[PDB]
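Here's the letter readout for the chains.
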Amino acid sequence: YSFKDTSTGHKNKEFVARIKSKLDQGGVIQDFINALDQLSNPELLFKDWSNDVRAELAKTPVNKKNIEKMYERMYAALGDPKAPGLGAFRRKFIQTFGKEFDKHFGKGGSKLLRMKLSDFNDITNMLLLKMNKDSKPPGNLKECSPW
């Protein structure tokens, strides 16, 4: 959405909103979506948002809003207890990246300050290696994917 505030923009916004409401009653579509998301992609999603953060870190510190919007992705993906989807290897990865995340990459979420230098690729790489090795294929039983 890019709905500017002008009256045309506002009425358009309302029309789109009523569409968004009306369709997907029950949101079972959103449920299917979210489910196959979290249980679909391997942790290399970490690599994905990591080099996205890498690109975005070259920007000025006023990019902290985008930095938070990129943190919230992985946070809702992993850190939140009883996260939506409740993945199997997702649970394994968040269990393997609890206090380890707090120590290095998030500081509980308070890592948002240190946007000046971009060396964190080192932490990314050391994580990504050890998760690449001894990695697990998603379970042949889609019971690996609970929903």
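Residues numbered from 1 in each chain as written, not as in the entry; some residues may be left out. Part of a larger assembly, values for the part shown. Heavy atoms only, no water.

Looking up the protein chain in the PDB entry gives the name DNA-dependent protein kinase catalytic subunit, with the organism given as Homo sapiens. This structure appears in the PDB under the title "NHEJ Long-range synaptic complex".

**Q** Before we go on, may I ask you to explain the pattern of salt bridges in this structure?
**A** Side chains that differ in charge, positive against negative, can pair when their charged atoms come close. Considering all chains together, one arrives at one salt bridge under this definition. When the shortest N-O distance is used, the salt bridge between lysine 47 and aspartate 48 registers 3.3 Å. On the basis of relative accessibility, which here comes to 38%, the residue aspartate 48 falls in the partly exposed class. (Salt bridge = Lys/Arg side-chain N within 4 Å of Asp/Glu carboxyl O. Buried < 20%, exposed > 50% of the residue type's maximum accessible area, 1.4 Å probe, protein only.)

**Q** Can you walk me through helix α1 (residues 7–22) in this structure?
**A** Note on helix geometry: an α-helix contains 3.6 residues per turn, so any two residues three or four positions apart are oriented the same way. Helix length check: α1, at 16 residues, gives a terminal C-alpha distance of 22 Å against a target of 22 Å (1.5 Å per residue), a fit within 8%. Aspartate 24, located one to two residues past α1, shows a positive phi value of around 55 degrees. (Helix = DSSP H or I, 4+ residues; strand = E, 2+ residues; numbered from the N terminus. Expected span 1.5 Å × (residues − 1).)

**Q** Help me out: how do you make sense of the nonpolar core in this one?
**A** Generally speaking, nonpolar side chains in soluble globular proteins are found buried as a group. Counting 23 residues, the largest nonpolar core has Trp49, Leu57, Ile67, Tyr71 and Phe105 as the members making the most contacts within it. Counting residues per element, the ones that place at least two in this core are α3 (45–57), α4 (64–79), α5 (88–96) and α7 (121–132). In this view, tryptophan 49 contacts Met70, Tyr71, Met74 and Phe105; residues no more than four positions away in its chain are not counted. (Core = buried A, V, L, I, M, F, W, Y, C linked by side-chain atoms within 4.5 Å. Contact = heavy atoms within 4.5 Å.)

**Q** What is the right way to look at the packing of α3 against α4 in this model?
**A** A pair of packed helices can be characterised by two numbers: the angle between their axes and the separation between those axes. Where α3 contacts α4, the two axes come as close as 10 Å, and the packing angle between them is 170 degrees. As judged from the angle between their axes, α3 and α4 are roughly antiparallel. Judged by residue contacts, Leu45, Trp49, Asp52, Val53, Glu56 and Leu57 of α3 engage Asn66, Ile67, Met70, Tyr71, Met74 and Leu78 from α4. Broken down by class, the residue content of the contact of α3 with α4 amounts to nine nonpolar, one polar and two charged. (Axes fitted to C-alpha atoms, helices over the stretch in contact; angles between N-to-C directions. Parallel < 35°, antiparallel > 145°, perpendicular 65-115°, else oblique. Nonpolar A, V, L, I, M, F, W, Y, C, P; charged D, E, K, R; others polar.)

**Q** How do you make sense of the packing of α3 against α7 when you look at a structure like this?
**A** One can describe the packing of α3 onto α7 by two numbers: an axis separation of 11 Å at closest approach and a directional angle of 170 degrees. Judged on the interaxial angle alone, α7 and α3 are roughly antiparallel. Here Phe46, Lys47, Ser50 and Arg54 of α3 come into contact with α7, specifically with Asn121, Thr124, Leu127 and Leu128. Here the contact of α3 with α7 is built from residues that sort into three nonpolar, three polar and two charged.

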